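Novice: Dropping a structure here in structure tokens format, bear with me for questions.
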Amino acid sequence: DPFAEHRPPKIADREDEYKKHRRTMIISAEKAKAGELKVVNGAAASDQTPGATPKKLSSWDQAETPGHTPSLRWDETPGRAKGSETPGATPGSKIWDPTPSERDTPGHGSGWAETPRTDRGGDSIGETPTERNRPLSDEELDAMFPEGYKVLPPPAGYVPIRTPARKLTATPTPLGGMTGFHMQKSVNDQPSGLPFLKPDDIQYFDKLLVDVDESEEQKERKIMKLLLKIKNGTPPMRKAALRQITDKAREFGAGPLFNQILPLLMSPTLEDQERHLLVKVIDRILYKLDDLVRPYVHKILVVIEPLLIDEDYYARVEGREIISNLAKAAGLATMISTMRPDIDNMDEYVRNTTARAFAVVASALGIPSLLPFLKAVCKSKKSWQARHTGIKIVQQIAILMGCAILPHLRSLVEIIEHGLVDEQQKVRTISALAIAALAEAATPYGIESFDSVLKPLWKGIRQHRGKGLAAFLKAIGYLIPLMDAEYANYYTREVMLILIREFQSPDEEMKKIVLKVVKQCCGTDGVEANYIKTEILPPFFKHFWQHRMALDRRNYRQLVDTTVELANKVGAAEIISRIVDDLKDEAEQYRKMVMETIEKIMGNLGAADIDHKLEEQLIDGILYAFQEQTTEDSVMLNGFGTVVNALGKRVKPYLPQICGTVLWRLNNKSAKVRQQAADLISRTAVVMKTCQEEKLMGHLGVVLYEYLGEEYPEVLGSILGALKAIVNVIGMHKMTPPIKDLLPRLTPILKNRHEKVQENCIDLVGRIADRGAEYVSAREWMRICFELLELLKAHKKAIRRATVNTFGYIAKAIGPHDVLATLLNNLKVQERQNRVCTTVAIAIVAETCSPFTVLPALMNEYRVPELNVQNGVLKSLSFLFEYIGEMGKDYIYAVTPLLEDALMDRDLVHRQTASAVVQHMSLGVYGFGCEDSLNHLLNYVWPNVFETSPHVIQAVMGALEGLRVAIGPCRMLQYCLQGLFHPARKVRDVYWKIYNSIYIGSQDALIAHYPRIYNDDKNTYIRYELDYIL
Amino acid sequence: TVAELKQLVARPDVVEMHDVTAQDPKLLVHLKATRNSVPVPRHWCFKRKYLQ
Amino acid sequence: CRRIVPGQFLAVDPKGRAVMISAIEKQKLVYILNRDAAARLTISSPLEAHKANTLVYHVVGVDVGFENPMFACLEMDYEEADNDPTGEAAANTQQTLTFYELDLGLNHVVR
Amino acid sequence: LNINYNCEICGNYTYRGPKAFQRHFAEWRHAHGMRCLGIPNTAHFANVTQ
Amino acid sequence: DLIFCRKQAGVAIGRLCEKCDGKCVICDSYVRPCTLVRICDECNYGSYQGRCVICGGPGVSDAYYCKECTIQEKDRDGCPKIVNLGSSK
Amino acid sequence: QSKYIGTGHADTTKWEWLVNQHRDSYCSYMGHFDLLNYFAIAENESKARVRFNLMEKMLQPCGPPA
Amino acid sequence: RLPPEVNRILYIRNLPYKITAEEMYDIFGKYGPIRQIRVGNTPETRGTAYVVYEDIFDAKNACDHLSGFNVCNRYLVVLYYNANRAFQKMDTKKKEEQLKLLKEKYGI
RNA sequence: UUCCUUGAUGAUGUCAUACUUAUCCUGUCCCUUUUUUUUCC
């Protein structure tokens, strides 16, 4: 439905069949050997759990070093009650024989679940030798419904008709009925309500269909519908409500919360946004609660982990963020003791994800914390499914932790080797796959750590059929870069064969792999040129370069790369020669591909190799492509630009054909394509210059000049751009639309509202008012000023950026007083306008003639009673000193009294901004000898120390830090002594924060400045050294 | 005793009411007196948050 | 002069490969060296030995010709010495000789 | 103010406020008790109670 | 959510994109570039080769530090490669 | 801040603060060649026996905690 | 030919607080056999009820025709009940006996 | 010897309005790709 039309462009599902189980998720020392017989026995009593026992004994190999922490980790895994019992008994038998020489419940529920699936599946196994609709029990029914409902009976005659219903559903499905309306003081307005409730959501917020007070917990739940003000409503509501919940963290406690979210973060109908926000609540409260979340942790991940598997990137990165925040937030042994049972969970999905979880928790708590656990898993002998997982875990660890895997590399591998030989396949498969990923983070290093891995791998390579095969390649390929090209030499020479025979497969997983390999195998220094030229190329260009490939995304890239590196070796003309002929193949994405490839290649290798005839085929090509562009895309454009700037004056015979098209296109074809050709000029300016084709510069100058009346923004933008780059080649006084014509012609454009205009314009105006700037009579400028001024409404940074820098350039052209007087026009009555960038004008201006001029105007202008412009002038000083530096050694005096006034209150803001002035001054002056005053100011600063107001404080920290370098510590420290021990908390909080900041820098200086301190009974606090007198 | 905490200090006057509130009077005394350092400013315990 | 920032003690290998540098306390870093393409000396990126609350009396290059290199950090912990209200750990601690071992291939440095 | 407090040196006197007792340190009678007691006036003895 | 990695300072030159290009990293500012940026290839590697030290785009230039952060000696702390407090990609 | 030693907080004990500044006094004295030589002159020893002694007094100074 | 979200449960609202299981059982009785019913008897849930059938497609026919259907002067909000959520008040369990039973009789 | 009005806070309230960060308003898609091994001279 049309509402199903415009509402579906609201949000959208995005998900596969596969990912939709999500709906199904219901919420939450040889006697060390014979010892292992003991441990196994006792725990087995307290059945069969494996990787537990292995996390136990997995503290062996550090021998002598195992401790209390055993009771910690194990303490969670088993019921912390039995904990003490066991690990105590152990520590005893270990010290001695060292001489004489709900969780459990949970897993129970799992083994339950699969025992059940066995019963049913077997029931249709002998029944086939003979789901959601599965009937229900009253014990089960009560649990699903919340609290607070009666079951009924209407009657055994009533419930008898019910019992009769089905039999009479067919029976009375076929019988008589139809329904008849009759033509003929109401009440009861239902309350459906408070920003708004979608229809579906009633189910959640139903209790806001009741209107009462005086119920107490239920007043906390009924107050937590603050959510709805999160989920729906106005942005400001969302904001304020959001904090109100944050500070209510500690209070309501997690339990009620997550009880009241996870339904919503599970909502079958949830949005994008609503999702993302409700994540925001989960993070934010998770900045607070720490010990608290424990019972909830699994009861969180179950929602979150699916986040890991999302099309949206930004989705993922949020997810990871919070799974750390949880995992670190909770305890390690929490995380573990939590998350075993998902390992063997029947669904491959939940495993898969469960891994990526462990990846994250591992990034949090470090590998080596977690190793003995893993290493336990991969030695689990119950079933493989685990091992399939545990290995996967290794991988996603690899991917995430990446370059940092390096140190425990050896251990990790020492896990994973025992897979490769396994009887089950996948486990082989995934395993090797991991080795790959490892190496891809191990670049380049740790070669011999992988070492004992190979010799199977190579052999494995031989005998295989299938996905696994190419996987082993995925590894080896990522190895080779890590070898010694003598050893690597040999081994390489073996592979490039199988690689050959395997180009041809239909598998795409394959072609990705073998591709990336070639990048590496023949991507080598120790491989010989011709050999590639013969065996590989002709296949390569044969089977790969095909239209299957480029339509897909990855393959596109990976391809480009590969071909590029074959260039970096066998040369340029070889490749480019073979793919030129395909610019003129029709379909775009393909063309786009050849085009970018070439672009790079003549990027790296250089044009210089290319012959002639081939070259004709280039430019003929690169036009023929460029003439037909589905969208406007950077690709062909850049690809071209590089083409030319590489060819240099080899290019020259070809212009007329270019600029011919450049114009022809330029016109017609209706305006959409125009901007493109415009840019094309932008980039090829330089080439039109040095070769000295000036008739061309007549052409461009003037004919562009005409378009500047073009009304579409997206043309005019690119137009100017072209003009700018045209200016950077031909100087001012040779400009064929001599500036006098031009610069005004621009001038009125500045209204243009639309973006790209304002950008390229102000850019242009800038270049020209910098460089020539004499060409144009002053009057015109001052018009420009009074037009600039409101470019400072720009939503964008860059505009204001160059805007300011221009403001300066002209301010040079004319001279200052006016231009600040004119800038001085911004006032306190408004604000957003003259917010600051204007001030930045006051600054830059104040440099570009001697500021030593301008102050008195400025200073005096702090008199004005209008508050916000007052503070404005303060910042003016701020940026001002930041931009002047040494020179401050003078006007310092001028400001100092003013800083005294402003620094004394009117309001915070005075103190904030002013204080900043103190900063940049205090650095700039450094060590010219003007301290005295700065000391003086330090006073009026000082009291400000105390406040909660974040901007005021981080301001002040700014101040005292700089002031430290100016005054030196010793003086500072003489403000910070008394504070340290002051009885109160408040003061000690701060004076410590200061004394730290003093302390880190210049720690070396201090020694002198700790005062003498009298030694007490147990101790000597007097440092006797210094008083040794010769 | 804020009494006899007052005969150990050259300038024992520097002891003030909240002072023997000190976790470490036995020190704070010997510092706060110290040669050139500057007193902590007075605005807290006045709950009016620095200016009116 | 810091307590924690290197430059105080300085040691370097026979084969010149790598050079270790250290403060007095807590920080021991290592710069690896190899001559460039043209055999002109290029400097590696640093590494870290960090170990908490450990006093380095003196450090010395070690001899292993063409191995993973070794270094000798003479150390002492004071951490025992703080958390001993008595003043026993004041005595009865012995300074711990440890050889650290650069390892190229893995490129970290392991006690 | 109106909080129970006592000065020991002055007649074991009662004071209802801490600001007021802090004002007792500079007073006629308080200095009379000090100086006539042999403990000379002004600012070293301010924190006196007993 | 957004804070430093502060892993150890290597020899790898810093890399900044279009956007970030002017900014002295910690003082946020364009003023007085003088001295040069170093980060750990741990922070800077691979897809991060010439990656923005802020936004995740390709580096077109090299952040220079201010002088302000210079005399306050901050440039020498752990490598300013900003991590989002999710992963770094 | 925390992993940068000598960091304080408002719970900082007298004793710890002073022992800090002791130690730092020392790594200065090992540092500044002259200052060292000064000591050596005064109380007659080697440079070495100086530095050695100091590096004894490092963990101790003031004696045991409280 | 069905959306996956809907389930043998329906949330059912806009009820009077006098109203009868007799009325209820009858009316809902059309589409199919009632697994059972609940009625909110509690200070908040007075006014609402849950309904569950021996089949979904039963209920489908229900939310189909009974949509916005009338009783008294009221219109009944007729919704497919969510699930998961707060149930775990009742711990998963009760297997052992039963699955031993199938273990036994059929021997399978 | 027989006598007036007053100041102030703190806590709890989703009222009101100014304002702060060269913040923000464009970057951005890339290793989620997961299945009971199973692509034939």
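Labels for the structure tokens follow display order: chains A, B, ..., residues from 1 in each chain, ligands from 1.
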Extract, using only C-alpha atoms (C1' of nucleotides), all DNA, RNA and protein residues at most 12 Å from stretch 5-11 of chain D, discarding same-chain residues fewer than 2 positions from it, and format them as a CSV table (one decimal) with N, CA and C atoms, in the first residue's frame.

Specialist:
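Just written: result.csv:
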chain,number,residue,atom,x,y,z
B,3,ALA,N,42.5,22.6,70.6
B,3,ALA,CA,43.3,23.3,71.6
B,3,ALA,C,44.8,23.0,71.4
D,1,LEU,N,23.1,29.4,62.7
D,1,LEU,CA,22.8,29.9,64.0
D,1,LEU,C,21.8,29.0,64.7
D,2,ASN,N,21.5,29.4,66.0
D,2,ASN,CA,20.6,28.7,66.9
D,2,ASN,C,21.1,27.2,67.0
D,3,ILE,N,22.4,27.0,66.9
D,3,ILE,CA,23.0,25.7,67.1
D,3,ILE,C,23.8,25.7,68.4
D,13,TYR,N,30.5,29.7,78.8
D,13,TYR,CA,29.3,30.4,78.2
D,13,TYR,C,28.8,29.6,77.1
D,14,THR,N,27.5,29.8,76.7
D,14,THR,CA,26.8,29.2,75.6
D,14,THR,C,26.7,30.2,74.5
D,15,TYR,N,26.9,29.6,73.2
D,15,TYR,CA,26.8,30.4,72.0
D,15,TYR,C,25.9,29.6,71.1
D,16,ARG,N,25.0,30.3,70.4
D,16,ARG,CA,24.0,29.7,69.6
D,16,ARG,C,24.4,29.6,68.1
D,17,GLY,N,25.5,30.2,67.7
D,17,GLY,CA,26.0,30.1,66.4
D,17,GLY,C,27.5,30.1,66.2
D,18,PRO,N,27.9,29.5,65.1
D,18,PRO,CA,29.4,29.4,64.9
D,18,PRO,C,30.0,30.7,64.4
D,19,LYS,N,29.2,31.4,63.5
D,19,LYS,CA,29.6,32.7,63.2
D,19,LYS,C,29.8,33.6,64.4
D,20,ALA,N,28.8,33.5,65.3
D,20,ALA,CA,28.9,34.4,66.5
D,20,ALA,C,30.1,34.0,67.4
D,21,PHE,N,30.3,32.7,67.6
D,21,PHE,CA,31.5,32.3,68.4
D,21,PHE,C,32.8,32.7,67.7
D,22,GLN,N,32.8,32.6,66.4
D,22,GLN,CA,33.9,33.1,65.6
D,22,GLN,C,34.1,34.6,65.8
D,23,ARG,N,33.0,35.3,66.1
D,23,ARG,CA,33.1,36.7,66.5
D,23,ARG,C,33.5,36.9,67.9
D,24,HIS,N,33.4,35.9,68.8
D,24,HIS,CA,33.8,36.0,70.1
D,24,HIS,C,35.3,36.2,70.2
D,25,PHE,N,36.1,35.7,69.3
D,25,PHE,CA,37.5,35.8,69.3
D,25,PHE,C,38.0,37.2,69.4
D,27,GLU,N,36.6,40.4,71.0
D,27,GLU,CA,35.5,40.9,71.9
D,27,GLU,C,36.2,41.5,73.1
D,28,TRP,N,35.5,42.4,73.8
D,28,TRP,CA,36.0,43.0,75.0
D,28,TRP,C,36.2,41.9,76.1
D,29,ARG,N,35.2,41.2,76.4
D,29,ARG,CA,35.3,40.3,77.6
D,29,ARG,C,36.2,39.1,77.3
D,30,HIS,N,36.2,38.6,76.0
D,30,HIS,CA,37.1,37.5,75.7
D,30,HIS,C,38.5,37.9,75.9
D,31,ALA,N,38.9,39.1,75.4
D,31,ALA,CA,40.3,39.6,75.5
D,31,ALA,C,40.5,39.9,77.0
D,32,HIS,N,39.5,40.3,77.8
D,32,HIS,CA,39.7,40.5,79.2
D,32,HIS,C,40.1,39.3,79.9
D,33,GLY,N,39.4,38.2,79.6
D,33,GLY,CA,39.7,36.9,80.1
D,33,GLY,C,41.1,36.4,79.8
D,34,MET,N,41.5,36.6,78.5
D,34,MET,CA,42.9,36.3,78.1
D,34,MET,C,43.9,37.1,78.8
D,35,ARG,N,43.8,38.5,78.6
D,35,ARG,CA,44.9,39.3,79.1
D,35,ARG,C,45.0,39.3,80.6
D,36,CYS,N,43.8,39.4,81.3
D,36,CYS,CA,43.8,39.3,82.7
D,36,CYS,C,44.2,37.9,83.2
D,37,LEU,N,44.1,36.9,82.3
D,37,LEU,CA,44.5,35.6,82.6
D,37,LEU,C,46.1,35.5,82.5
D,39,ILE,N,47.4,35.7,79.4
D,39,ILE,CA,47.6,35.3,78.0
D,39,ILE,C,47.3,36.5,77.1
D,45,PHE,N,46.0,33.5,69.4
D,45,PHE,CA,45.2,32.7,70.4
D,45,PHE,C,43.7,32.5,69.9
D,46,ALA,N,43.5,33.0,68.7
D,46,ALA,CA,42.1,33.0,68.2
D,46,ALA,C,41.3,31.7,68.4
D,47,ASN,N,42.0,30.6,68.1
D,47,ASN,CA,41.3,29.3,68.1
D,47,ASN,C,41.1,28.7,69.4
D,48,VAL,N,41.2,29.6,70.5
D,48,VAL,CA,41.1,29.1,71.9
D,48,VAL,C,39.7,28.6,72.2
D,49,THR,N,39.7,27.5,73.0
D,49,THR,CA,38.4,27.2,73.6
D,49,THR,C,38.6,27.0,75.1
D,50,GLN,N,39.3,26.0,75.5
D,50,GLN,CA,39.6,25.8,77.0
D,50,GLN,C,40.7,26.7,77.5

Novice: Within 12 Å of chain B, which residues of chain H come that close, and what is the closest atom pair and distance in Å for each? Count only C-alpha atoms (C1' of nucleotides) and give it as CSV.

Specialist:
residue,atom,partner,partner_atom,distance
H:8,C1',B:48,CA,11.6
H:9,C1',B:47,CA,9.3
H:10,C1',B:47,CA,10.4

Novice: Taking only C-alpha atoms into account, find every residue of chain A that has an atom no more than 10 Å from chain B, and write it out as a ChimeraX atom specification.

Specialist: /A:904-908,942-947,970-984,986-987,991,1011-1014,1016

Novice: Within chain D, find each residue whose DSSP state, derived from the backbone, is strand (DSSP E or B), and express the selection as a VMD selection string.

Specialist: chain D and resid 5 to 6 14 to 15

Novice: Find the nearest atom pair between each residue of chain H and stretch 426-434 of chain A for residues within 12 Å, count only C-alpha atoms (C1' of nucleotides), give distances in Å to one decimal, sort rows by chain and ascending number, and present the table as a tab-separated table.

Specialist:
residue	atom	partner	partner_atom	distance
H:34	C1'	A:430	CA	11.3
H:35	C1'	A:426	CA	10.2
H:36	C1'	A:426	CA	10.8
H:37	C1'	A:426	CA	7.0

Novice: Considering only C-alpha atoms, extract the chain A residues located within 6 Å of chain G and return them as a ChimeraX atom specification.

Specialist: /A:26-27,143-146,149-151,154,162,165-166,169,263

Novice: Suppose we keep C-alpha atoms; can you now write the selection as a PDB file, in the first residue's frame?

Specialist:
ATOM      1  CA  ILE A  26      13.340 -16.285  23.708  1.00  0.00           C
ATOM      2  CA  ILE A  27      14.902 -13.960  26.267  1.00  0.00           C
ATOM      3  CA  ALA A 143       5.436 -18.903  32.329  1.00  0.00           C
ATOM      4  CA  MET A 144       4.980 -17.312  28.896  1.00  0.00           C
ATOM      5  CA  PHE A 145       2.272 -14.895  30.047  1.00  0.00           C
ATOM      6  CA  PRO A 146       3.506 -12.432  32.422  1.00  0.00           C
ATOM      7  CA  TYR A 149      -3.715 -12.999  34.773  1.00  0.00           C
ATOM      8  CA  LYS A 150      -6.324 -15.528  35.664  1.00  0.00           C
ATOM      9  CA  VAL A 151      -7.035 -18.486  33.515  1.00  0.00           C
ATOM     10  CA  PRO A 154     -16.776 -20.173  31.219  1.00  0.00           C
ATOM     11  CA  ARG A 162     -14.764 -25.363  22.552  1.00  0.00           C
ATOM     12  CA  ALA A 165     -15.123 -26.395  18.141  1.00  0.00           C
ATOM     13  CA  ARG A 166     -12.653 -28.220  15.781  1.00  0.00           C
ATOM     14  CA  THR A 169     -15.154 -26.276  12.913  1.00  0.00           C
ATOM     15  CA  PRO A 263      11.360  -6.517  24.517  1.00  0.00           C
TER      16      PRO A 263
END
